[PDB]
Ligand SMILES: CCCCCCCCCCCCCCCCCC(=O)OC[C@H](COP(=O)(O)OCCN)OC(=O)CCCCCCCCCCCCCCCCC
Ligand SMILES: CCCCCCCCCCCCO[C@@H]1O[C@H](CO)[C@@H](O[C@H]2O[C@H](CO)[C@@H](O)[C@H](O)[C@H]2O)[C@H](O)[C@H]1O
Ligand SMILES: CCCCCCCCCCCCO[C@@H]1O[C@H](CO)[C@@H](O[C@H]2O[C@H](CO)[C@@H](O)[C@H](O)[C@H]2O)[C@H](O)[C@H]1O
Ligand SMILES: Nc1nc2c(ncn2[C@@H]2O[C@H](COP(=O)(O)OP(=O)(O)OP(=O)(O)O)[C@@H](O)[C@H]2O)c(=O)[nH]1
Ligand SMILES: N=C(N)NC(=N)NCCc1ccc(I)c(Cl)c1
Ligand SMILES: [Mg+2]
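Laid out in structure tokens, this is it:
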């Protein structure tokens, strides 16, 4: 009835062959390209990857290996078992019945 | 944050949360007893005030 | 104070301002009947406010800066297109008539608001009481569908019932051939395409329906083209009317307060002129409605409520 | 008391700080009401009527301050009542003797 | 967590106070800075979780989900700005506001200690998500998709509300740290069967569990691209995250209550994978692919082993980036041909060479090519379900065959063969589109060099 | 463009009731101004 | 109506309610209801049309019948206790009559039939009083006599109201009928929790009053009484559609909006009393309400319905209705959940 | 004069602006004064 | 500059949030230097172990 016709689809490359696809305004289009590329790639992915690579012993995985070596060295030197079936000292436990 | 700050911050959090849990359980028990017995400040439904009663001699003697 | 119950309680009552000259007078007739001239003379002689006939852009003249708005904001209603293509498929004919009724409805409210607020009478050229003659003429020539007439009567039924009729109805009876001769003399290219049958239907609607009805509740004065030229005689007749009919005799401060509370609120006046009766001629789809509204908000001094538009020089916004 | 918003005993409690986070939220709600007031009346939302916007915040903060005081008083009264009842009925709230996990027996349910 | 909540809130005044043409530049730039700071949550210890305060805490489960959540906002903004170009400015800002408010609810949802606080924020995500679909969706059916999405979720969440409130009364707390220490075994009774169901069914509808999944394909077909990205990348994971937490207090009853849901998921994944081979709508195919992948997550969560919980966490992260990438790839075609039919435009490698490489990489992760985190997660789940029962290897194996078939079939049909003759508006890929694809795949493939940060608390 | 309700879609919500039945077939929308 | 008389009649309505809430004597409670009813009829009749006359007549008969039953309960109580104090009743038969009398006044199902019809037949401003202020007096009595109320009767009235209110609203296109059935459903939640925690009745009552007042005020601002009339608001006052959207979602109990708080707090109280089936049933049944709130949001805010040409004339004129307290009410209708613990002020 | 008719809010209602600022000022003075007296009475009752 | 002042909002939000996170730790010092695991004697000029 009284309805506007459906507009034809706009090709951003016609008015701006150098378009980055961000905006129809060339100056804004270029700025929006730079923030995405700089904050996305230069910062988050490059610095974030470097940050992740040098995390200080994520969840003390390295400490546990050093600690295990210390215990293995001590327990073998003294003729103790490397590891015991019982985690908790039976002298501190009181079974029923 | 260092591991000691987080560790002892966790203890402070646990103490508060543990204390709140105990108080929550008591309140349910206190409420149950007050409602069943009516011997506490809660569930104290009103009764007529005795200061509304007239104690003066009446027109007739038997009362 | 802005008018309301508080102002009413403090003495702002219609009867304290309305005199014996506080009359609403409407001038009616066929096309090219010289009613515009006679209406202008009655107002001057009687010291009443004159209201030109409400056209497509009447609302434009009462809001913003007063200048007419582009046609898209009027819905593309065109009186010129109506003469050239009265049966056009864009539904221009009824859309114009529905728009014109709303403009008259607004003007009648402006007129009543003026009369009740100042006590000065007003002179109108046609009104919402006589607007139907064009609708009947359009229908009888096949320019509009029957469903259009039904929509018009639905809107009229829930709007006209709120307002009092004119104190005086002045009808200027110019025979159709004389009008048909005056239209040609006036040299309007599109208007010259009118037909006598359309003009005859307009005349029949006045005499068949309008004049008999208004006589039941108004003082009706009739004149010919010659008798109409004598403005002093017409004004002499008006000043000697009795006023013993119609609902104006039942009015009092209480009822007029309620009437003034309505006519001052233009959105309440127009409330039912856009009832959701989906009729092709007057229905606008969402996308067109959306973008036309966005364009309207961009017009100078239209984004914000009047008084808060910096782009037109309003000041002290941070304290208003 | 009866039909008293803040009985006299409530003055023993510390007052809410004027920097209370809840009071700031109430002030924020008042600010939002100021903006919605401008919007429904088609005024410039941020700039219009700064005098009006100031009273929206002040009104909300003022009323919010006293509602916060009553709120804190009612919870203090709740705790005060509960502890007194526990004190007066030690038989219903015995201090049970707690055991350690080495002593308590819990069934093991293997996940395999 | 306030160092993330407040800056996220500040994105709203930033958007509304920006210059008219800088709304996309400003919101994208600053939401990337927030994403950058989210890596400070990697301060995870081997014994204790990172417990900030009485309200919020992070551990190895919520941290990767939080980083995915905050990384997805800038990606959703780049994805959306083209198809919203003709929208009026105020409505663009409202759209961005819905995305910002969704991130605010999500980062609070994943860090809440107390389970009712989790419930409320978990529920609050419904409102903006529904608004995005129904207001800014394209076609008529978006109104029905909103209703199915809303009422499927509420049919499950309302019983959860009753169960959680019941649990607090009995236990005295819903703080998750407390529940770790005060948890008591669930004994067999009909009362506990329904408590178990009330605790789980809400999360199952979110995953979604097979049989409760039909809302998901409707929502995706109808939602705008940003709606699909958040729906697939993060919103489905609320169900997984909820189940991972609440199973703590449902032992040992889970030992037998899981069986009907393991059968649905084990069989459901084969049926949904086979369904993907016959789908005609590209967005509907990807939606069914998500149901198949999330079926493994449900199984892994239900069998409760260290390897399966590590597999579940890795799959949730990997699926989020992959499925979001696939929707973006499908959308870029849609913004050219304005149809989701998979057979409409063919041979697109001939016309868009680089975009065909993004399709290839996305498909390879979807079929879980070693050593992608998609495979690591899937492999860990397959290892653990083998111990649960050796026979499951047959169902897992068949699914991996069918998954490769529809993943490549989608690639072959759209990218290879002969280009459709009459389609002549296939313009070259924009820098925005290429950057959008590479911001999915690059973080995904970089995680292969350091998988531990996505393996969750059981690592 | 994005689909928006047309006249047919709008008329679903313009009747006396939402779910017509044989018993309400004679019902009619009330007057616009509530006046009969 | 003369503006001075209208104010006096409004104050008499308020005074009748206040008398009920401050009286310790049953006769004065009954007098309060009589006074309140006397002054409410003129505002229902103030537009003088047959539908208004029918509504006032149906209202008069229902309220008059209820007030007779209330007096009968008062006299039975006097026979068996010899006193008039407003508190628990001292006879089970008196308690049933008083409970049924008050259910009739509140419009709870199955005494609900009058509420949709009376609300439809009176102006929006009168409907606002009917569905908000008029609940205060009966609820304040229920707050005081609940210890003697039969538990099975009150919960049956609550369940039926939630069911009837939910189902009735699905078939409505008139905005006043939708509000009426919304009211019936919400009275059900208020009375379900009354036996367990009367404070949550007050919380639900206050929040319900705020949201209902918000909706009625926004309907008045645009003079909308039908779904289709309301669907034009987008092309006149776009802001109003957003406020209507938020308020309706709040009335639907969706987190994190204020209308979640009363449903949430009521579920908590009944679970504490080992009542699990009833809260679960009520919450699920309340999805019926959420459905026909969502329908309104679809036609009002989330889609743009077709407009009319004459609407362009409305663009040129400002909104001049008072809309008193709307900015405050709408903010409280939607953004109060973070302040939920403040419900203890009602204790 | 841009407007064809004088707007209702062409010029600020100076009295109402004075009332608005006066009420805000009074409420802030009352609140701080109230808060200070609450603090002093709080310390007197607890002997701080 | 009036053109680029909006670019301090989010960074200031982060600083304020970082600030509020640290004050929140000051309300959780009930067990500072009191855990069995990390309890010790204060260093010669040390006022608290952490903050
Ligand atoms: C903080 C604790 C509490 C947490 C709970 C959540 C609280 C938030 C709810 C607050 C109450 C609702 C108030 C929202 C304010 C809305 C104002 C706004 O954003 O702008 C409205 C917009 C402006 O329209 P207008 O000003 O007339 O003209 C525009 C020309 N510039 O109008 C339009 O342009 C119409 C646009 C089309 C309609 C789009 C509808 C989708 C967007 C709806 C967003 C609001 C949804 C609220 C639900 C809660 C969200 C979490
Ligand atoms: C009593 C306490 C009140 C606290 C109030 C604190 C904030 C008050 C701000 C008052 C000044 C607002 O002033 C108003 O701001 C907005 C944006 O900032 C400007 O208008 C804006 O329009 C668009 C965005 O919509 C942009 O082009 C640009 O952001 C700006 O031009 C107006 O030109 C200015 O008049
Ligand atoms: C809508 C219908 C309205 C019809 C109203 C008809 C009038 C009703 C009159 C009720 C007055 C009598 O009410 C009834 O009296 C007897 C006499 O002790 C009471 O006594 C009876 O019930 C209790 C039960 O423990 C005990 O007192 C006793 O076992 C038994 O005799 C009833 O508990 C009371 O309910
Ligand atoms: N379709 C339609 N045309 C109208 C209406 N009112 C006026 N017109 C037309 O407006 C044109 C001019 O109006 P008139 O006043 O009647 O003619 P006029 O010559 O300008 O004025 P007078 O000669 O003084 O009477 C005529 O062609 C009318 O047909 C109306 O309600 N509907
Ligand atoms: N009848 C009920 N079950 N509810 C109820 N009001 N219980 C009274 C218990 C209570 C609860 C909160 C506070 I603060 C206070 Cl002072 C007292
Ligand atoms: Mg003329």
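Chains as they are written, first to last, in PDB author numbering: chain g, 26 to 122; chain h, 81 to 143; chain O, 1 to 320; chain d, 9 to 120; chain M, 1 to 459; chain D, 2 to 37; chain N, 1 to 347; chain c, 1 to 48; chain f, 7 to 57. All C-beta atoms, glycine included, are put in the ideal place defined by N, C-alpha and C.
In the DSSP assignment, find the beta strand (DSSP E) that holds residue i and state where it starts and stops.
i	result
residue 221/O	219-223
residue 171/O	168-172
residue 122/O	122-125
On a Cα-Cα basis, can you pick out the residue from the options that is closest to residue i?
i	options	result
residue 268/N	344/N, 331/N and 193/N	193/N
residue 40/g	54/g, 28/g, 30/g and 27/g	54/g
residue 24/f	41/M, 25/M, 437/M and 12/M	41/M
residue 264/N	201/N, 61/N, 295/N and 25/N	201/N
residue 132/h	123/N, 83/N and 33/N	83/N
residue 313/M	63/M, 36/M and 46/M	63/M
residue 23/d	44/c, 35/c, 8/c and 26/c	35/c
residue 59/d	42/d, 48/d and 73/d	42/d
residue 315/M	301/M, 189/M and 216/M	301/M
residue 343/M	417/M, 228/M and 89/M	417/M
In this structure, how does DSSP classify residue i when only helix, strand and coil are distinguished?
i	result
residue 118/g	coil
residue 51/O	coil
residue 118/M	helix
residue 223/M	coil
residue 36/d	helix
Name, please, each residue of chain N whose Cβ falls closer than 9 Å to the Cβ of residue i.
i	result
residue 61/d	Simply none; closest approach about 11 Å.
Below 9 Å on C-beta distance, what does residue i contact in chain D?
i	result
residue 287/O	2, 3 and 5
Just the chain N side, please: which residues come within less than 8 Å of residue i by C-beta, in chain order?
i	result
residue 166/M	271 and 276
Starting from residue i, follow the alpha helix (DSSP H) in both directions and report where the run begins and ends.
i	result
residue 26/O	Careful: residue 26/O lies outside any alpha helix (DSSP H), inside the beta strand (DSSP E) at 24-29.
residue 273/M	259-276
residue 147/M	142-171
residue 301/O	No alpha helix (DSSP H) holds residue 301/O; DSSP gives it neither H nor E.
residue 208/N	198-222
Whose Cβ in chain h lies nearer than 8 Å to the Cβ of residue i?
i	result
residue 94/d	106 and 110
residue 147/N	125
Kindly list, in the order they appear in chain N, the residues whose Cβ is closer than 7 Å to that of residue i.
i	result
residue 41/d	327, 328 and 331
residue 127/M	249 and 254
- What does the shell around ligand 6 hold, if a residue joins when its beta-carbon is under 7 Å from any heavy atom? 35/O, 36/O, 53/O and 125/O
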